[PDB]
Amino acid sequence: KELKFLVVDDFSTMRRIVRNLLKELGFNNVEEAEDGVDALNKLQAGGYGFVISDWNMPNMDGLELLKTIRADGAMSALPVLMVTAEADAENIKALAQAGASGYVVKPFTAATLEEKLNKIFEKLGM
């Protein structure tokens, strides 16, 4: 619950929605970023334990952000939950190939988010 989250999306409203659903679940340590670039700049500052990122964003999208994090020795194993608007078979496979910790289709509820977070925490042993 004290874990530091970074919520990434270029639409402020969707970021505020995710931040509040997190709050609803008991997670109050949350930061926000506008795209893959802004996010990497924040993650390099350190302290983050979980990233929630949207699939489509300007400059550097979710998949590109994920691949970059996975290749960085300072944060290679950082949990990344990808938010997508549709669960496309290719997408799901791409996400799997790229090392995503999991994915969630939007719009989602606090309940769907909770189940997704618990599965990831268990798999990683947190």
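For every residue, the number given is its place in the sequence shown, counted from 1.
The mean Cα B-factor in the deposited entry runs higher for 86-94 than for the other of 34-42 and 86-94. Stretches 48-56 and 95-103 differ in mean CA B factor, with 95-103 having the higher one. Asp9: CA B factor in the lowest third of modelled residues in this chain (values from the PDB entry).
In this PDB entry, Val18 carries a Cα temperature factor that places it within the lowest third of its chain's modelled residues.
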